[PDB]
Structures are given as C-alpha cells and as structure tokens.
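>>> partial complex here, more coming in a sec:
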Amino acid sequence: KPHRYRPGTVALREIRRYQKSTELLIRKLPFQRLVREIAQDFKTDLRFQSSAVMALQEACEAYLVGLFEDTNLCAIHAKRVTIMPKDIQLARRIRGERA
Amino acid sequence: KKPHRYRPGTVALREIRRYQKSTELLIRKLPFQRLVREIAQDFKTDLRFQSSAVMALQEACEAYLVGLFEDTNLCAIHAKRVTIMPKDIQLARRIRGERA
Amino acid sequence: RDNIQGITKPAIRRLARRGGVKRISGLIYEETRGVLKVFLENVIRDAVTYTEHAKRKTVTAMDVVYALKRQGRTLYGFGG
Amino acid sequence: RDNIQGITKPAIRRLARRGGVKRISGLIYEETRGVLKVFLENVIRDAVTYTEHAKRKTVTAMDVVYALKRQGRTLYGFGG
Amino acid sequence: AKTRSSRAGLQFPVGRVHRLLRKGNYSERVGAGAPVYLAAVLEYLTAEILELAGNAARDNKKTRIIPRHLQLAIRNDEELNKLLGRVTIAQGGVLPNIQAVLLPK
Amino acid sequence: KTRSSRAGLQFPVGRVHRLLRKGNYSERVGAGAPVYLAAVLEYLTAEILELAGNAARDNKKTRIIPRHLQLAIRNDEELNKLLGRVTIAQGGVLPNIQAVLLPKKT
Amino acid sequence: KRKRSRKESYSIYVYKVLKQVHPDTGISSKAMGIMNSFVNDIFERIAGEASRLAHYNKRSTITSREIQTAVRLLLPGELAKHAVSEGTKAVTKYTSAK
C-alpha cells in the first residue's frame, strides 16, 4: 500500500512554509483585473501605476493575513481548530470594522 | 406561607435593562478620584486636578470598560457560554490590539 | 491601602450590566482592576505630559482631552 | 466574469496558512471574498478621490499610500 | 446684514472659520470660498444631529436636549455612528441591547 | 562650517529645518528644534539598523532586506508597539503556530 | 475682576440652527459641550485633511476645492453627498452676494 499523511500534518508544513517566505500569495494578474473592475465604478477609464496595484496588493494580503491570525484565535477560543464565518464576523466586530 | 425568591439570573437581566436605560456614573466617585491621584504621583508628585478633569478621566474609564464588557460578552457567547471570564477579556483586548 | 480596591466588586458588576453582561466570573474583578489600572496609567502619563509641558502643577480637563484623542478614544463634552 | 472569484480557494488558503490557520470551513472562501472586496472598495475609493483631486486619469502609488494612511493601514516601502 | 455669513445665508461664522484656518497651521494660504464651504458643512452636520436629537427629546416628553438624546440619535443612525466611531459621548450611556442567548424562553 | 557637523549628526539638520518651516506645523521654528528632531531620527534609524542587521547576519546574509526589518521590529517589544499599525511590505510575519495545533506528546 | 480671558464657542450658532430645525426645543449645557466638541472635532478633521490634499499637490492654497475633497474623504455615503450639496450651495450663493 502507498504512503499517505495524516489529515493535518501537510497544513502544518504549509503554515511553516508560508510564514518563512515573503512573496505575494495571490495570483497577481487576477488581483489586478479585480482592482480595475472595483475602481471603474468610482471612475471610468482610470489608469494605474504598477507600483500602485502592487501597493494595494501588499496591504490586501497583510490585512487578511492578520485577520486570519485573529480569526484563528477566535476559533481556538471556541475550543475549535476550524476557522468559520462567525470567527471572521467576530474579529471584524471586535476590530470595529463591523458593527 | 410562600417565600417567593427570584431565579439565578433574573435580577441580572433587570439590572441590565436598568443601567442601559441610564447614563449616571457607576463607579463611586471618591474612590476613583483618590486612585487617579495615586496613578498621577507615579509620574509627578504634588499635582492638582480640576474637578471636571477627573470627571473627564472617569467618563472615559467607564465608557471604555462598558465597551470592553460588550465585546467581552460576545467573546463569551462565541464560546457557547453566558459567564464572562478573564480569557474573554484578554481575547477582546488582543483582537482590539492592546497587548502583544 | 491600594485605592484600586476601592473599585468595588458591585461597581464592576454595574458596568458589565450596562455592557449586556448577565453572568460573571469572580476572577474577573482582579483582571478588570489591572485592565482598568493600565488604561488610566497610559492616559494620565499623557495628561500629566501636556501639563508638564504647559509648566503647570494643575492637570486640566484639556490635558485629559488631548491625552484621550492621542489614545484613540476621543471625548466630547469637556472641551473638544 | 467579474474577477472576484479569481481570488482562488487555493489563494485564500495560502493567505490563511501564513496566518496560523490549520483548518478552513468551506464557506470561508465566499465570506473572505466579501471581506477582501469591501476592503478594496474603501481603499480604492480614497486613492481615486486623491486622483480626481490631483486632476489625473492615472492612479499613483501615493494615491494608494495616502488612502491607506486614512484607513489607518500605514503601508511602508512604496513612497512617502 | 453686512457679514459674510449673511451673504452665504449661513448661521455658522464664515469669518471665524477663515481666521481659524489661518491661525491653525494648515497651509500658507486660504481661499475666500474655503471657510464659506466649511462653515456650511459644519452647519449641516449640526443640523442633522440637532434634528435627530431634537426628536429623541420629543421621545422622552422633554423640551431640552441632554447628552443621552445625542447618544441615541447618534448610535441609531448608521452614518453618524460610523463618523463618531471612536467618540465617547459623556453622560450618553449605551444603546439598549441584550443578546438573544441571554434572554429567557 | 555646517550645521549637522556642528551638532555631530549624520542626519541633515538643515533639511529637517526646511521641512519643518514648509510643513505648516507652526508659524516659527526654534534653532534647537531641527537639531533635536534630526538627532532622534538618527537614533530610531540607528536602533533598527542594528537589529535588522543582526537578523540579516542571522540569515547568514550581508544585505538587509524587508524581512530583516520586520523580524527586528516584531521581535523588539518597544519598536513593535511604535510601528504597531504599520504594514512593512515584503516583510512577512514571524514564524508562529499556536501550540494547540502542534503534535500530541511532542 | 472681569476675568475668564474671553473664551470662544459655537454655542450661539448651535442655538440659531436648533431653533430652525426645532423652534420649540432647547439644550442643556452638558449637551452644548458635546455639540461644541463635535463641531471642533470635525473642523479639525476637515482642515487637517484639506491641509494634506494641498500639501500633496504642492499647492500653497486651501481652496473650496480642498474642502470638497476632504469632505468626501471623511463623511460616509449619504452624509457626504448632502455636505457637498450644501457647501457648494453656500459658495454659489456667496459669489452672487459679491
């Protein structure tokens, strides 16, 4: 029979992988088409500095990266390991982003 | 021949309705005042305090901690609970961003 | 006698009540006091700084209002 | 087809993996897209208003970095 | 009347604002349309809050606004709540709100 | 004959003094103001470059990078607080997995 | 004697507006300290924002334009729309007035 890992120990690698590196973890081209589609509602025919979209993405990631550090502490508090929309909804309400 | 007592909870729920209805300051004013001077001394001795300044201190302390309880109750309810606890406080304060 | 104890158990309940709290741990009181003791030490360290800069020995309501706006917790009705 | 979904389940996962998350409810993905999209709408609203104000048809790195200082999300290393 | 605030039709002081913007270290110079514009803005936000608090006083059989009537007009209108999110309104209390999982059956 | 050298400071006493006059902070500006400010901005610059440069050396590297900044700052109690709401680009997070997600008996 | 330095406030213009929106209601001094703080907070917000606008475009001058922009940055959706509606209405009415 073949080797298989215990459902959890690869996520534990994935965590130690991604905390060690610094790269952007969203797909850059998708992020950019989204951004432009968001923007175009506020004003048609806008252009964008490549540095601008890469600034937007650097903040977008690091905020959500932090929201999941939070949302995980929310989940662990309810003696759980699985993050859930409630955990996000709490972190956001306790952060005052939500009310 | 009845001794009609209230169930563990129902005067908590009234006390809520009441103090949410009201605006008056819920810490006793004298103890707060002396405490405020006991904190101040640790920076600068021989300090005087406008009456209104020490109200401005309290008004902030209460509304801070009133807030801190609101959120700390949502931390309890999250955990499938109704008793607030030190670990409900400290989570709110962490997620608020008050300690590392 | 540490004044802090003067923040009575029955006051601490009344606050919590205003916050929609129904049941409370007994340990809370000691945590609510150190939490409270932090909050003030920060605000009064600031309030007394403005005061020290204004050269006075009297801490104003303005010394508190400037400290509370520095701390994110801006206050109305004592001179904004 | 309106991009939002391009923020992929694999991507969202990766972010969370950075942020300490070992296990991920399936409804998270759609939630996190509602979240990320609001966050963008508001940062971009600001940066574009700065743009509109400088009389421009191109957004700059700064329009963003200013916008994120107003949303309290001070970003270092792209000007300012 | 001869005063600017009466030119724009505005209760709030045009002149005062215009002097404060000079004396407040904002920019080297200040246009004559700026303080007019700002004065009208500060008037409106007053005028919404006083309209809404003035009704919170008409909810309590009072003819006088107190710090509570402000708090209620504020935290129940979504937009003003967002504006005054970091704002402690002294002697305002809190809004009446008990969670469902604390109530009885 | 320069002001920075008269103060002993590697930062520009002048530029900082200009910046002050031009940044609409106050009507007038003392002559200590820019010396003091520059000196502080020297030291806070210096305090990070030390720790960052340790972390760089602890990565066996020569050249400090956004990662060697983030590390130094988030691993110093004080500085962390100081830049508490400051997104450092390309700097990541610290390695940190909450212990209730570790291995059972290890 | 004749002390208290002469301290300024907006309390009379809170009173003038109050009688427009509600002739027949009035206001505690405690309530007027919140209203005065409120005006002073938003004043400081809108001017600090308009300051930065003008700073960012290397503009020396704070025009009605910088405030319009700073309003839109600080106020939320429908509160912003009106704010600009009114403040533009004032400058249009005042340029008429000379």
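On my side now, so go ahead. Numbers count the residues shown, from 1 in each chain, chains lettered A, B, ... in the order given.

>>> please count neighbours and contacts with C-alpha atoms only from this point.
Noted.

>>> most centrally placed residue in chain G?
residue G:43 (5.4 Å; Cα atoms, centre = their mean).

>>> so which helix or strand takes in the residue nearest to it when sequence neighbours are not counted?
Nearest residue to residue G:43, sequence neighbours excluded (Cα to Cα, 6 or more residues apart in numbering or on different chains): residue E:42, at 7.2 Å. Element membership for residue E:42 (DSSP states H and E) is helix E:33-58.

>>> who does that helix touch, helix- and strand-wise?
Here helix E:33-58 touches helix E:14-23, strand E:64-65, helix E:67-76, helix G:11-21, helix G:29-56, helix G:64-74, helix G:77-96, going by 3 or more Cα pairs under 8 Å, 6 or more residues apart in numbering or on different chains; DSSP states H and E.

>>> and residue A:96, which of the three is it?
The three-state label given to residue A:96 by DSSP: H, G, I helix; E, B strand; the rest coil is coil.

>>> enumerate the residues of chain G near chain D.
Residues of chain G lying close to chain D by Cα under 8 Å from any Cα of the partner chain are G:53, G:57, G:66, G:69, G:73.

>>> picking up where we left off before, the residue nearest to the centre of chain G and residue E:4, how far apart?
According to Cα to Cα, to the nearest Å, residue G:43 stands 19 Å off from residue E:4.

>>> and residue G:62, by the same measure?
18 Å.

>>> who has more neighbours, those two?
residue G:62 (27 against 17; other Cα atoms under 10 Å in any protein chain shown).

>>> I'd guessed that one sits against residue G:50; true?
Yes - the pair residue G:62 / residue G:50 is scored as a contact, 6.7 Å apart, by Cα atoms under 8 Å.

>>> orientation of the helix or strand where residue C:50 lies relative to helix B:51-78 in degrees?
Element membership of residue C:50 [criterion: DSSP H and E] is helix C:28-53. In terms of direction (axes from the mean of the first three to the mean of the last three Cα atoms, to 10 degrees), helix C:28-53 departs from helix B:51-78 by 140 degrees.

>>> chain H goes on too:
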Amino acid sequence: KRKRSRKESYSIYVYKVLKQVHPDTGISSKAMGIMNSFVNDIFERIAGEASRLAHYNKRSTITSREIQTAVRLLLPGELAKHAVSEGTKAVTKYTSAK
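Alright, chain H goes in next:
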C-alpha cells in the same frame, strides 16, 4: 532627452548610520524604500505632535522643547530615554559650537 526631476531621500544618511552600526552590512533598495517611509512617518508624527503642543499653549514657535515633549508622548519607554538622551546631546553640542 531631459533629466529626471529631483526626488529627495534620506538614503545616504541611512547608509551613513548603517555603516557606523554594521560596517559589513549593506541594504536592498526595497529595504531603503522602507527606511525612508520609516523616518518620514516619524517626522510626521513628532512634528505633528509638537505642532499641536504649541497650538495648545498658543505658542507661535516650535522650539526644541515641543519636540522633546512630543518624543516622550510618541515613543515607548527605553526608546524615548535614549531619544531624549541623543537629542539633548545634539542641541548641547550645537550651542557650544555656535
């Protein structure tokens, strides 16, 4: 074709300080990108606070005092002590230079 317009930066000064502290330690461009936003942010904060201090004491002038005060307000403990130490030294040295 033309020269590119001037964009000032602290980056020489950052290098100067970096080479005192760690003589065999360089720095990336992105890293410098950060150290520049770093200073410029903490300028904006210390100046901004000193600006408010004077305005609260009705002072026209930001002196060396309004900085020190704002430094104690903004920095953490041991950070601020040395910051008060090195700035105090700085003005002392410049006054006895003349």
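
>>> re earlier: would you mind pulling up the elements that whichever helix or strand comes after the helix holding residue C:50 packs against?
Later in the chain than helix C:28-53, the nearest helix or strand by DSSP H and E is strand C:58-59. Judged by 3+ Cα pairs under 8 Å, 6+ apart, strand C:58-59 is in contact with strand B:48-49, helix C:28-53.

>>> of all the ones you listed, which lies closest to chain E?
helix C:28-53 (14.4 Å; Cα to the nearest Cα).

>>> any idea how far residue D:39 is from the residue positioned nearest the centre of chain A?
In chain A, the centroid-proximal residue (Cα atoms, centre = their mean) is residue A:64; its distance is 3.7 Å. For residue A:64, the distance to residue D:39 equals 10 Å [Cα to Cα].

>>> residue A:6: neighbour count?
7.

>>> do the same with residue E:82
Residue E:82 has 18 neighbours, counted by other Cα under 10 Å.

>>> excluding chain neighbours, what is closest to it?
Nearest one to residue E:82, counting by Cα to Cα, 6+ apart, is residue G:76 at 7.5 Å.

>>> residue contacts, the one you found?
Applying Cα atoms under 8 Å, 6 or more residues apart in numbering or on different chains to residue G:76 gives the contacts E:79, E:82-83.

>>> now residue A:83
A:71-72, A:74-75, D:21, D:23-25, D:28.

>>> what does residue A:39 give?
A:46, D:41, D:44-45, D:48.

>>> 10 Å instead?
A:33, A:45-48, D:40-45, D:47-48, D:59 (Cα atoms under 10 Å, 6 or more residues apart in numbering or on different chains).

>>> export those residues to CSV and tack on neighbour count?
Formatted as CSV, these follow (neighbours: other Cα atoms under 10 Å in any protein chain shown):
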residue, neighbour count
A:33, 16
A:45, 10
A:46, 16
A:47, 14
A:48, 16
D:40, 19
D:41, 16
D:42, 16
D:43, 24
D:44, 24
D:45, 21
D:47, 26
D:48, 25
D:59, 25
